[PDB]
Amino acid sequence: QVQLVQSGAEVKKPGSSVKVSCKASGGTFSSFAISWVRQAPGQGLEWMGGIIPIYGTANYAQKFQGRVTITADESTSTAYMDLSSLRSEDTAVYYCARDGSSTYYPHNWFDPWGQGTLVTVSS
Amino acid sequence: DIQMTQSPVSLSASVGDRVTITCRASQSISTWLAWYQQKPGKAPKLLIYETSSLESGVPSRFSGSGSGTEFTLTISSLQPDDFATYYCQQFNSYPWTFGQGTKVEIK
Amino acid sequence: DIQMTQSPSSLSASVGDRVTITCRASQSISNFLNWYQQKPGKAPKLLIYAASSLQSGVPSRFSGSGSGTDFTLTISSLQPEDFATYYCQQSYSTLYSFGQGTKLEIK
Amino acid sequence: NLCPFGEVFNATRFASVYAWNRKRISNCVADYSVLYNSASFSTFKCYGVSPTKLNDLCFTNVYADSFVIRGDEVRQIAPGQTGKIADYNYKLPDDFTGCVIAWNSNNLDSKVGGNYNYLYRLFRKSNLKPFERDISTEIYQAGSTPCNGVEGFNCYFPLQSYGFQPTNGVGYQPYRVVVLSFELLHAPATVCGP
Amino acid sequence: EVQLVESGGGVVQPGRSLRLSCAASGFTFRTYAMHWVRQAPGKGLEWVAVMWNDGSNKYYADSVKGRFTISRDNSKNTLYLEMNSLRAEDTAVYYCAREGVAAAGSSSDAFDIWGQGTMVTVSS
Amino acid sequence: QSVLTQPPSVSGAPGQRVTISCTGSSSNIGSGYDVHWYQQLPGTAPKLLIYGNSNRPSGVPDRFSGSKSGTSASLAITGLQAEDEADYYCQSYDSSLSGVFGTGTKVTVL
Amino acid sequence: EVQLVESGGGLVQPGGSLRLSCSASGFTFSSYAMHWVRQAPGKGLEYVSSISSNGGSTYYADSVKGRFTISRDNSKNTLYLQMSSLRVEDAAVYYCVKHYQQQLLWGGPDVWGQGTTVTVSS
Ligand SMILES: *[C@@H]1O[C@H](CO)[C@@H](O)[C@H](O)[C@H]1NC(C)=O
């Protein structure tokens, strides 16, 4: 009954910046712990960072520090991911995911998962 | 180039009072402040480092306070060795801007 | 400086036996001891950091013990890939010092 | 089974405060009373829930955030405090529940010389959001000129070594800190003792 | 992808000077206090030098003190070790290391990563 | 990032029980943080099979089961069919407050 | 015990040049960054310049750059400040200070010198 709907596909020149949205639904946004999961075309998953919109804390992963700036707008219920300094290796499928049980300590499984956001970064 | 305005510029406080001096900055420094004491004729002497840490070799009547924009140096009981000007100094951003001063006249 | 003694100086053993290697310190060193493994012709990779915790990515048969002056390194069951020089270093003083190493050999 | 607190409190190394560690502790039979009578813990202040009654409460999971700081900074590990720790290194939230168990540890952690690798964050562009570790090491811009990746005037690296020594006072000694942060949720509870 | 590579090694006359550059990559060079460790052919390891976290202290072992000069270059992520008045004993394989407690690829107060090791030898 | 190691391919037989292993470290699995399993049919977003190392949501058959012990964690598929030919991922958390994803098996039938 | 002595100074014509000195004794001179801080007669303290711990990075104030030059010599334990194209605004005494930190978190001096009077007139 709870699900997340993302934005459409993007296409970006190498060097520009992309903005991906993940509009939550079904329940409250203040008890969600939306974490952003990457996936390359035909490869394994990868974790980018998870925001807690009641606190505002955004623990990134060590690869995406300072490039991925996860923001959350609790009013309109869209948690962004303003990835910057795009390259041709960033062609991926970026998912969002509620973190299962808790909202303060989000260290659990990922359910639900949104949909595909094929950010095909090339010219 | 953080303009610090020191208040008051001059005052009359005798022996047996408790005095305070306000040094307020514009751009937010954060626990980067030193105070001074310049007897007229030679170099100043440091009183407080990092706006709370009392320097060794000066009496314990001096005590820092404040954090962020404005700070208050206080003296508990006045003494006859306080016939000097007290300055304030920021060292957060590297252009150091000292205060205007406080002429402490003991009548 | 702290001088580090480590007995023996060349050891021979059979595959599977529990091999113990003792490193003794001069003065008190609180859990700041290291052990290293240098195969002949390489640069040594750390085995145990801070005298009880294995390097992340080493086989789990290694085990170090002790606190203070005496430390032992106990391999549970040997392997043909685990015959090298075992050093002993302490991370306490301003003058770091190494052990002499135990050339582990075959019977 | 017996709860693994020997890997937490009796550990051989504690992480520096700018990059702390969280250890999830579930499936326990934990006696919280014997940890109160250790006669070694200096500061034992439990926010949210009072001490000497934890043996009659269970929770979903226990996460012990552990690090190491000097003597005059144990008061910063608290809800609502400030300084160069609770603003830039490790920020607790307001309604946090759990205890900040700290004890004096000069013999283990402090070595004569420096112990120059218990760092802490000093300069950041803003205050930390709560429970947000930040292991970034880009240089802080103090003035208005661009740093251009070189530290010098107006451009400072944000990590200073604590510099512990056994000759200094009891306010410059590395107090190992364990923050027993636990909060249950809408689930069957797991971690309680007798 | 942590890494340490060396350069500069070779053979020199006994008594001359030589510097050894240990160019890091794959980690932030500033928050780890770098060392230099050496091993004479056949013997065990011997700790040599320490550069502090920022340059606060440059210590040495008692066999090189006054003769070795350990530098640092935080912008290019390199580490130097200048030898002066090289005797016949100082021939060894010189590695560079690191340490620092980051709850990470860290190895608290121990040398995790090592260079390839370049061989400094003295002869004529 | 992907510290949780996992075999690249696992084959089997229809009516056979195959194993999928997740071998972690002392920071990620051995520090009390559990191991959960996702299923990815090729072209969609991944599903959720096991959470808390043993549970099962409504929407999975009884063929999938898992458990953990020490540092490693396991997944068992008893009786392969045509609806088990997909990618299976392994998820846990570090002590650096980061999530780790497995490399991910590819279960094929014979 | 740390102590700082300043030299030079006196009377100079407008448009002239004068080199000051700040010789130090009591600390490791190579391990400290140290500044110049001036004060006009009857006025407030004013910051003019600084230097790094190894002579690499120099920093001047806004109104004095292009006319002053600061140097140091760790082998002689001195700190030099050279002036060129003087004005009547630069009539002051010039205090020499030193850092409290060694080489990081740069802020706050520790001890103050004794000043050197310079005058500019006709
Ligand atoms: C820590 O170790 C000491 C002795 O090694 C022991 O007495 C104490 O009970 C231990 N603390 C625990 C297990 O919490």
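This text goes with the structure placed above it.
**Student:** So what's going on with the overall build of chain F? Residues and values would help.
**Tutor:** If you tally the helices and strands in chain F, you get 0 helices and 7 strands. Secondary structure elements of chain F occur, N-terminal to C-terminal, as β-β-β-β-β-β-β. Computed over C-alpha atoms, the radius of gyration of chain F comes to 13 Å, within 12% of the 13 Å expected from 2.2 N^0.38 for 110 residues, which places it in the range of a compact globule. Each of the three principal axes of chain F carries a C-alpha extent, and together these read 40 × 25 × 25 Å. Burial status across chain F gives 46% buried among its 110 residues. Put simply, chain F shows about 4,400 Å² of open surface, and 49% of that area lies on carbon and sulfur atoms. Here chain F carries 6 positive and 7 negative side-chain charges, and the mean point of each set is 4 Å from the other.

**Student:** Describe in detail the arrangement of the chains, supporting the description with residues and values.
**Tutor:** The structure contains 11 pairs of chains in contact, of which chains B and G account for the largest number of contacts. With no contact between them, chain A and chain E keep their nearest C-alpha atoms 10 Å apart.

**Student:** Which residues make up the interface of chain A and chain F, and what are the values?
**Tutor:** Size of an interface: often given as the accessible area lost when the parts come together. Of the residues lining the interface, 18 residues belong to chain A; the matching set on chain F comes to 19 residues. Taken over both partners, the interface formed by chain A and chain F buries close to 1,700 Å², and the fraction arising from carbon and sulfur atoms is 66%. Counting the surface chain A buries against chain F, the share from its top three residues, A:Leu45, A:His107 and A:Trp109, is 39%. Seen at the junction of chain A and chain F, the total is 0 salt bridges. At the junction of chain A with chain F, the criterion picks out 5 residue pairs in polar contact. Within the residue set of the side of chain A that touches chain F, elements represented by two or more residues are β4 (35–39) and β5 (45–52) of chain A.

**Student:** Can you break down the pairing of strand β10 (residues 118–122) of chain E residue by residue, with the values?
**Tutor:** All names here are of chain E. Across the two faces of β10 the burial differs, with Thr118, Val120 and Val122 buried and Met119 and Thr121 not buried at all. Pairing analysis gives 2 bridges linking strand β2 (residues 11–12) to β10, with the strands arranged parallel. What sits directly across from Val12, in β10, is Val122. As paired strands, strand β9 (residues 92–95) and β10 are joined by 3 bridges and run antiparallel to one another. Each residue of the ladder has a partner; that of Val93, found in β10, is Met119.

**Student:** Break down the interface of chain B and chain G for me, citing the residues and quoting the values.
**Tutor:** Taken residue by residue, the interface counts 17 residues in chain B and 22 residues in chain G. Counting the surface lost from both chain B and chain G, the interface buries some 1,800 Å², and carbon and sulfur atoms represent 64% of this. Of all residues in chain B, the largest losses of buried area upon contact with chain G belong to B:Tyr49, B:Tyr94 and B:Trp96, amounting jointly to 37% of the total for that side. Joining chain B to chain G, the criterion identifies 0 salt bridges. Counting every contact that joins chain B to chain G gives 5 residue pairs in polar contact. Of the residues contributing to the side of chain B that touches chain G, the split by class is 12 nonpolar, 3 polar and 2 charged.

**Student:** Account for the sheet that holds strand β3 (residues 17–25) of chain G, with residues named and values stated.
**Tutor:** All names here are of chain G. Here we have 4 strands laid out as an open sheet, ordered β1-β3-β8-β7, and antiparallel in their pairing. With partners counted over all chains shown, the strands left at the sheet margins are β1 (3–7) and β7 (68–73), one partner each. Strand after strand, the sheet turns through a mean of 15° between neighbouring axes, direction not considered. Bridge count for β3 against strand β8 (residues 78–84) is 5 bridges, and the pairing is antiparallel. Its bridge partner being in β8, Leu20 is matched across the sheet by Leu81.

**Student:** Tell me about unusual backbone geometry, and name the residues and values.
**Tutor:** The peptide bond linking A:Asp111 to A:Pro112 adopts the cis configuration, its omega dihedral lying at 0°. Here A:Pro112 is to be found in the loop between β12 (95–97) and β13 (118–121). Cis geometry marks the peptide bond from B:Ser7 to B:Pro8, where omega comes out at 0°. At G:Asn77, a position not held by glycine, the phi torsion is positive, near 60°. Along the polypeptide, G:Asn77 turns up in the loop between β7 and β8.

**Student:** Pulling in residues and values, what's your account of empty space enclosed by the protein?
**Tutor:** Picture a little ball the size of a water molecule; that probe, rolled over the atoms, points out where space is still empty. For the structure on display, the rule yields 5 cavities of 30 Å³ or more. Estimates place the volume of the largest cavity at around 130 Å³. Lining the largest cavity we find 17 residues, and of these A:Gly50, A:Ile52, A:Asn59, A:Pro106 and A:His107 sit closest to its centre. Among the elements of the structure, β5 and β6 (57–60) of chain A are those that each provide at least two residues to the lining of the largest cavity. A total of 3 residues in the lining of the largest cavity trace back to one element, the largest contributor, which is β5(A). Lining of the second largest cavity is provided by C:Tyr92, C:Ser93, C:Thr94, C:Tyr96, D:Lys111, D:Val112, D:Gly113, D:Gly114, D:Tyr116, E:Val50, E:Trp52 and E:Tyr59. Among the residues forming the lining of the second largest cavity, the class breakdown is 7 nonpolar, 4 polar and 1 charged.

**Student:** If you had to explain the sheet that holds β2(E) to someone new, which residues and values would you point to?
**Tutor:** Sheet architecture is open: 6 strands sit in the order β2-β10-β9-β4-β5-β6 (chain E), paired in mixed fashion. Each end of this open sheet is capped by a strand with a single partner; those strands are β2 and β6 (58–60) of chain E.

**Student:** Report on the pattern of salt bridges, specifying residues and quantitative values.
**Tutor:** All told, the structure shown has 29 salt bridges over all chains when counted by the stated rule. B:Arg24 serves as the salt-bridge partner of B:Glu70, at 3.7 Å between the closest nitrogen and oxygen. With B:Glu70 in strand β9 (residues 70–75) and B:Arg24 in strand β3 (residues 19–24), this pair connects stretches of sequence that are 46 residues apart. The class for B:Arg24 is partly exposed, based on a relative accessible area of 39%. Measuring nitrogen to oxygen at the nearest pair gives 2.4 Å for the salt bridge that ties D:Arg13 to D:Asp109.

**Student:** Quick one: what's the story with the packing of aromatic side chains, residue by residue and with numbers?
**Tutor:** Enumeration over the complete set of coordinates arrives at 71 aromatic pairs over all chains. Aromatic pair C:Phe98 and E:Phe111: ring centres 6.4 Å apart, planes at 45°, arrangement tilted. Of this pair, C:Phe98 sits in strand β10 (residues 97–98) while E:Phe111 sits in the loop between β9 and β10, on two different chains. Taking the relative accessible area as the measure of exposure, C:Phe98 reaches 9% and is therefore buried. Here the basic side chain of D:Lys111 rests over the ring of D:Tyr116, its NZ or CZ set 5.0 Å away from the ring centre. Over the ring of G:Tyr80 we find G:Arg19; its NZ or CZ atom is 4.7 Å from the centre of that ring.

**Student:** Help me get a handle on the nonpolar core, residues and values and all.
**Tutor:** If you look at the biggest cluster of nonpolar residues, it comprises 103 residues, and the most contacted ones within it are D:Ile77 and G:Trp36. Counting residues per element, this core draws most heavily on strand β9 (residues 175–182) of chain D, which supplies 6 residues. Per-domain counts for this core show at least three residues from each of domain 1 (1–113 + 166–194) and domain 2 (114–165) of chain D. Beyond its immediate sequence surroundings of up to four residues, D:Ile77 is in contact with D:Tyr47, D:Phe67, D:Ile69, D:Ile85, D:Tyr90, D:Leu92, D:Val100, D:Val177 and D:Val179. Of all hydrophobic cores here, the second largest spans 60 residues; its members include D:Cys155, E:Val12, E:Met51 and E:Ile70.

**Student:** So what's going on with the side chain of E:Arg38? Residues and values would help.
**Tutor:** Residues and elements named next belong to chain E. Looking at the element boundaries, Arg38 is found in strand β4 (residues 35–39). When its relative accessible area of 3% is taken as the criterion, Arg38 is described as buried. For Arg38, the side chain forms a polar contact with the side chain of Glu46, separated by 2.5 Å. Among the polar contacts listed, one links the side chain of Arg38 to the side chain of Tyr94, at a separation of 2.4 Å. Not counting chain neighbours up to four residues away, the residues in contact with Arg38 comprise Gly44, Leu45, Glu46, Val48, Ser63, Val64, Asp90, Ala92, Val93 and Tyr94.

**Student:** Which residues make up the state of the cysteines, and what values go with them?
**Tutor:** Scanning the model with the defined rule gives 8 disulfides over all chains in all. Paired by a disulfide, A:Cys22 and A:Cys96 hold their sulfur atoms 2.0 Å apart. Torsion about the S-S bond of the A:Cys22 and A:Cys96 cystine: about 85°, corresponding to right-handed handedness. Of this pair, A:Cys22 sits in strand β3 (residues 22–24) while A:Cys96 sits in strand β12, and the two are 74 residues apart along the sequence. Note on accessibility: A:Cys22 and A:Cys96 belong to one class, buried. The partner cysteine of G:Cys22 in its disulfide is G:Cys96, sulfur to sulfur 2.0 Å. Here G:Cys22 and G:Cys96 share a disulfide; its torsion about the S-S bond, -80°, makes the bridge left-handed. Here G:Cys22 is found in strand β3, whereas its partner G:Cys96 is found in strand β9 (residues 93–99), with 74 residues between them in sequence.

So, how was this worked out
Residues numbered from 1 in each chain as written, not as in the entry; some residues may be left out. Chains lettered and ligands numbered in written order. Heavy atoms only, no water. Helix = DSSP H or I, 4+ residues; strand = E, 2+ residues; numbered from the N terminus. Rg over C-alpha atoms; globule rule 2.2 N^0.38 Å. Buried < 20%, exposed > 50% of the residue type's maximum accessible area, 1.4 Å probe, protein only. Areas by Shrake-Rupley, 256 points an atom, 1.4 Å probe, with all protein chains shown as cover. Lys, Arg positive; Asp, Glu negative; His and termini not counted. Charge placed at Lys NZ, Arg CZ, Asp CG, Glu CD. Contact = heavy atoms within 4.5 Å. Buried area = accessible area lost by both parts, 1.4 Å probe. Salt bridge = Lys/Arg side-chain N within 4 Å of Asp/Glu carboxyl O. Polar contact = N/O pair within 3.5 Å; in protein donor to acceptor, adjacent residues only side chain to side chain. Pairing = 2+ DSSP bridges. Nonpolar A, V, L, I, M, F, W, Y, C, P; charged D, E, K, R; others polar. Axes fitted to C-alpha atoms, helices over the stretch in contact; angles between N-to-C directions. 1 Å grid on protein atoms, 1.4 Å probe; cavity = no way out; pocket = protein on both sides within 12 Å on 5 of 7 lines; lining within 4 Å. Points joined across faces, edges and corners; volume = space filled by probe spheres on them. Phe/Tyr/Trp six-rings, centres within 6.5 Å; stacked < 30°, edge-to-face > 60°. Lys NZ or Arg CZ within 6 Å of the ring centre and 35° of its normal. Core = buried A, V, L, I, M, F, W, Y, C linked by side-chain atoms within 4.5 Å. Domains from an automatic or database assignment. Disulfide = S-S within 2.5 Å.

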